[PDB]
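Below you'll find the structure, written out as structure tokens, and then a few comments.
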Amino acid sequence: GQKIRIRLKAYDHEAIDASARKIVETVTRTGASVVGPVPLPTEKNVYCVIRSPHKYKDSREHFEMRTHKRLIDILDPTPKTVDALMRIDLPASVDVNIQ
Amino acid sequence: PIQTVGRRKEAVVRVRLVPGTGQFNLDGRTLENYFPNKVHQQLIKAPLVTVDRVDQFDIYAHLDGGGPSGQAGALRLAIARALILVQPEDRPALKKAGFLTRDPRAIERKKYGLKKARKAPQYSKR
Amino acid sequence: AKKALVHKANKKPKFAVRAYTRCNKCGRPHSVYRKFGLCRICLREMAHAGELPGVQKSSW
Amino acid sequence: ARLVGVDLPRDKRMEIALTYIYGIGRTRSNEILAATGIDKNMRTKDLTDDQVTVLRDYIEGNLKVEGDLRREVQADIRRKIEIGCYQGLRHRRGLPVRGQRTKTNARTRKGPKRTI
Amino acid sequence: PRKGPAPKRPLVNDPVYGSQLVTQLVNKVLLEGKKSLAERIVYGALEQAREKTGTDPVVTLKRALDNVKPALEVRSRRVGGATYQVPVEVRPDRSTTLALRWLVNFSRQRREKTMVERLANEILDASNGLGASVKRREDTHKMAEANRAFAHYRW
Amino acid sequence: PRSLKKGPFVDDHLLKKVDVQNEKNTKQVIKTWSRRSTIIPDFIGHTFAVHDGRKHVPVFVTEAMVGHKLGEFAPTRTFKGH
RNA sequence: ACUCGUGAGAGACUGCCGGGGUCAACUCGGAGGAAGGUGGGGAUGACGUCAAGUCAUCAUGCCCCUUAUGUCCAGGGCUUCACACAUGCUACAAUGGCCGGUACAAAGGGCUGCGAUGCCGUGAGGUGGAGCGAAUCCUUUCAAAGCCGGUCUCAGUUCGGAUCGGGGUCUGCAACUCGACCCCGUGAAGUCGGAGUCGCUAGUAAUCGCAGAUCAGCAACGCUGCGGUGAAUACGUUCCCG
């Protein structure tokens with residue numbers, strides 16, 4: 001009747017994959033249908049900084065920040081899945097929200 | 001079904017083939033309406049002319065990335081590989097002219113502290 | 001930065017345009033990124049200290 | 001021909017020929033021509049009396065050109081250079097009045113170089 | 001280039017004529033990075049030559065460049081703060097390169113106010129031998145033969 | 001330049017002082033430390049001592065210089081040639 | 001089924017052959033192959049040197065003020081100008097100038113933020129609001145060079161843009177000194193630049209546009225990136241420098 005997407009983001013690949021695997025296993029145990037964690041574009045923020053204070057501009061250093069994002073789509077909204085959803089433990093660096 | 005992919009310095013093309021008449025479709029335009037270059041014309045003719053079976057295939061191209069020459073080269077390579085696939089006997093021909101050698105040349109990074117790539121600011125002795 | 005200047009920066013300005021960056025860790029008014037709020041020197045030093053969630057050396 | 005007592009060039013487009021006056025340049029030529037209705041593909045060689053008469057009628061009726069423009073510009077300048085105005089004092093010393101830079105620039109204002 | 005000679009670049013065969021002289025010329029006249037405009041300029045000049053001489057462009061350009069192809073060059077060698085001019089023969093490749101460079105560089109001086117007719121006119125003049133490229137060739141040979149004395153350094 | 005929608009700029013002190021003066025049938029010398037304020041036609045009959053950083057320059061405004069700020073007629077920096 | 005988004009893996013390893021080789025490293029040529037010899041580029045900078053730079057990022061020993069060099073506040077300066085140096089951008093045009101049509105890039109950024117349609121403006125823009133905390137919506141289906149058609153015909157030019165005048169828009173409590181942008185006008189220097197000197201060896205220079213950081217607005221032509229088009233020669237160490 002209703003399908004739910006969950007956006008699922010982290011810098012770390014290990015933690016994000018472990019969270020996805022745990023959630024998929026829990027859904028399989030509960031008895032609900034999910035498409036799977038389809039990949040999404042990885043956002044990258046790029047910055048430049050000056051290595052030396054007080055002159056010598058030509059020497060600089062670049063910084064990055066990478067955020068890997070994915071979606072997990074669940075069909076057939078089994079009530080037990082909704083009951084057991086928010087109690088699932090997640091890694092510190094992984095953030096998941098509903099849509 | 002047959003589908004082939006070509007790439008040339010950030011231009012990506014996908015080509016589908018039909019054994020139909022001697023005409024081409026480039027996202028809804030013919031070979032003269034789109035890529036209106038004689039040089040590009042011979043470049044795209046080079047595979048078929050080398051294999052000597054012009055006017056035997058109708059192509060349909062979907063294009064992205066790059067500019068005129070990049071997409072022209074990408075289409076050339078894609079159709080060359082497609083022809084090699086459908087008729088492998090012509091494999092020892094294009095390699096003689098080196099049409100199977102994909103071109104690994106791209107844009108070099110602009111390096112900080114300079115003007116661009118390898119260009120450098122003017123140097124004064126005083 | 002003088003402590004008086006730091007406190008005046010901590011004091012909210014009486015006009016909207018009278019506000020500036022005033023880097024958090026030190027207080028260097030120049031080159032303060034809005035993503036972090038830190039001056040570039042402090043940002044680089046802390047990032048190389050392994051105490052920021054996401055920052056890393058860039059190479060490409 | 002003639003253009004408010006001035007000698008029109010023998011071979012110039014009227015959209016370019018009307019630029020030769022002190023008050024009409026690029027856009028005003030076309031605005032005057034459109035409000036008048038003269039075809040812009042001809043030459044001064046063909047410019048007959050009717051175009052000339054509608055032309056000076058329109059230029060009399062639209063704005064100020066030639067000498068009066070010079071004297072009104074001078075009137076504004078004299079208003080600004082004898083009331084203590086900052087722009088006037090900057091005119092007096094031969095320096096840019098728009099708060100420009102004179103450390104190395106403003107060559108066309110001060111003039112040619114006099115090396116010291 | 002200190003260790004040894006770098007491998008020579010290949011020349012792409014000209015698709016319309018089959019000889020690389022025309023593509024060399026269009027590559028040299030190229031500037032600001034545009035192949036199409038330079039190609040059309042050279043092709044217009046060649047077709048004006050077609051309609052003005054009635055002969056095949058390849059052969060006429062061939063013997064024109066042959067008649068403007070230099071044979072010897074003068075090189076500077078400095079000792080004790082004073083220079084010496086030594087004559088050295090030239091390989092045909094650099095000879096043709098210098099001839100074509102002279103043509104292109106001095107094709108911006110004809111006073112007929114358009115580049116394509118400039119090229120056509122100078123190509124035809126060099127075909128007739130009255131072009132300024134012939135003058136530079138004669139000057140270069142005068143310099144080479146007059147200063148043939150200073151060659152005992154053998155270079 | 002200045003958005004005319006907000007109207008000509010005049011801060012309250014000298015406006016109130018000139019209100020007191022001209023409602024008391026009196027015209028005196030006004031000294032102000034403001035330079036950004038504009039020239040008001042009601043002020044044309046008065047004079048203003050405007051500050052340049054050290055002290056005040058007195059200016060007797062007329063109808064010739066209307067429409068400009070005070071500082072447009074009171075130079076600040078000093079340069080006596082080379 | 002095809003790019004693509006993102007994970008894992010295969011593959012360039014003198015692997016094979018032939019000549020030079022001391023049957024050696026190594027060098028060239030050839031075969032297959034996307035690439036043939038560290039495929040291309042980043043990151044990483046040993047021991048040492050200049051009593052090099054930074055007490056103004058921060059802390060740091062000694063000395064100094066300590067009712068002041070502390071300290072809040074209003075205006076003004078860091079943009080002042082007869083000069084000289086350095087780094088850049090725009091031009092001296094016909095490989096061009098002006099007018100309409102025409103088709104392909106990448107990356108990036110966006111909450112009191114990107115902000116589309118309509119309403120009215122020559123153009124900044126005033127009305128208000130649909131899509132999005134963002135592969136969803138906005139940066140026009142994302143640009144210019146390119147190509148086509150019209151014209152200008154070599155002049156201080158339908159080049160060039162400076163200085164100057166009148167009238168405005170946006171933001172900011174507040175635009176004169178001292179923000180940007182818009183309309184209109186006269187249109188200065190400027191004719192390929194002396195002695196001398198600079199960057200560069202393959203997708204490089206040269207040219208063209210786009211994006212970001214800081215930013216309410218910008219002096220940004222600056223810096224860090226992206227993509228389009230894209231050639232020349234390298235004989236050889238004699239000389240100049242490290």
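Here's how to read the names in the structure tokens: chain A, B, ... by the order shown, residue numbers from 1 in each chain, ligand numbers from 1 in the order shown.
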Test item: residues at most 12 Å from residue 222 in chain G, only C-alpha atoms (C1' of nucleotides), excluding those fewer than 3 positions along its chain, as a list in words
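Listed by chain and then number, they are residues 115 of chain B; 87, 88, 89 and 219 of chain G.
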Would you output that residue set with C-alpha atoms (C1' of nucleotides), as a PDB file, in the first residue's frame?
ATOM      1  CA  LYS B 115      49.139  30.038 -14.204  1.00  0.00           C
TER       2      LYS B 115
ATOM      3  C1'   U G  87      52.848  41.668 -11.651  1.00  0.00           C
ATOM      4  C1'   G G  88      48.466  41.603 -14.717  1.00  0.00           C
ATOM      5  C1'   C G  89      43.988  42.911 -18.111  1.00  0.00           C
ATOM      6  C1'   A G 219      37.816  47.324  -6.211  1.00  0.00           C
TER       7        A G 219
END
Mind checking DSSP for range 18-82 of chain A and telling me the helix (DSSP H, G or I) residues as a list in words?
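Selection result, helix (DSSP H, G or I) within range 18-82 of chain A: residues 18, 19, 20, 21, 22, 23, 24, 25, 26, 27, 28, 29, 30, 79, 80, 81 and 82 of chain A.
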Just-selected residues, C-alpha atoms written as a CSV table (one decimal), in the first residue's frame:
chain,number,residue,atom,x,y,z
A,18,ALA,CA,27.8,-2.5,7.7
A,19,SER,CA,24.7,-0.5,8.5
A,20,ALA,CA,23.2,-1.4,5.2
A,21,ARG,CA,23.9,-5.1,5.7
A,22,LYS,CA,22.5,-5.1,9.2
A,23,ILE,CA,19.3,-3.3,8.1
A,24,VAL,CA,18.8,-5.7,5.2
A,25,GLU,CA,19.3,-8.7,7.4
A,26,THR,CA,16.8,-7.3,9.9
A,27,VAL,CA,14.3,-6.7,7.2
A,28,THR,CA,14.8,-10.2,5.9
A,29,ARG,CA,14.2,-11.5,9.4
A,30,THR,CA,11.1,-9.4,9.8
A,79,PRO,CA,3.9,-3.4,10.8
A,80,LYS,CA,6.6,-5.5,12.6
A,81,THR,CA,9.3,-3.8,10.5
A,82,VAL,CA,8.0,-0.4,11.6
Please produce, as CSV, a per-residue contact table for chain B versus chain A (criterion: any atom at most 10 Å away, only C-alpha atoms considered), showing the nearest atom pair and its distance in Å to one decimal, sorted by chain then residue number.
residue,atom,partner,partner_atom,distance
B:112,CA,A:58,CA,7.4
B:113,CA,A:58,CA,4.6
B:114,CA,A:58,CA,8.1
Check every residue of chain G for an atom within 8 Å of chain D, counting only C-alpha atoms (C1' of nucleotides), and provide those that qualify as a PyMOL selection string.
chain G and resi 79+81-83+158+162-163+165+176-178+184-186+188-189
Strand (DSSP E) positions in range 23-122 of chain B, given as a ChimeraX atom specification:
/B:24-26,58-64
Can you write just those residues out, C-alpha atoms, as an mmCIF file, in the first residue's frame?
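Generated file (part-v3.cif):
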data_model
loop_
_atom_site.group_PDB
_atom_site.id
_atom_site.type_symbol
_atom_site.label_atom_id
_atom_site.label_comp_id
_atom_site.auth_asym_id
_atom_site.auth_seq_id
_atom_site.Cartn_x
_atom_site.Cartn_y
_atom_site.Cartn_z
ATOM 1 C CA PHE B 24 22.642 8.072 -40.272
ATOM 2 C CA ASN B 25 20.744 9.503 -37.305
ATOM 3 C CA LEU B 26 22.574 11.689 -34.776
ATOM 4 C CA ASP B 58 21.957 2.951 -40.638
ATOM 5 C CA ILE B 59 23.305 4.120 -37.284
ATOM 6 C CA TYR B 60 21.496 5.791 -34.402
ATOM 7 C CA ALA B 61 23.689 7.769 -32.012
ATOM 8 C CA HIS B 62 23.091 9.118 -28.509
ATOM 9 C CA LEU B 63 25.699 11.676 -27.535
ATOM 10 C CA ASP B 64 27.006 13.340 -24.391
#
Residues of chain E within 10 Å of chain B, counting only C-alpha atoms, what are they? List them as a PyMOL selection string.
chain E and resi 14-16+35-36+39
Okay, now the selection with C-alpha atoms, as an mmCIF file, in the first residue's frame?
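Output below, filename out.cif:
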data_model
loop_
_atom_site.group_PDB
_atom_site.id
_atom_site.type_symbol
_atom_site.label_atom_id
_atom_site.label_comp_id
_atom_site.auth_asym_id
_atom_site.auth_seq_id
_atom_site.Cartn_x
_atom_site.Cartn_y
_atom_site.Cartn_z
ATOM 1 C CA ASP E 14 45.942 15.214 -45.951
ATOM 2 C CA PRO E 15 42.472 13.819 -46.750
ATOM 3 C CA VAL E 16 41.671 16.100 -49.689
ATOM 4 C CA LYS E 35 41.985 24.330 -37.523
ATOM 5 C CA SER E 36 38.771 25.057 -39.440
ATOM 6 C CA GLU E 39 41.931 25.203 -43.364
#
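The interatomic distance for the pair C1' of residue 94 in chain G and CA of residue 47 in chain D works out to 28.9 Å.
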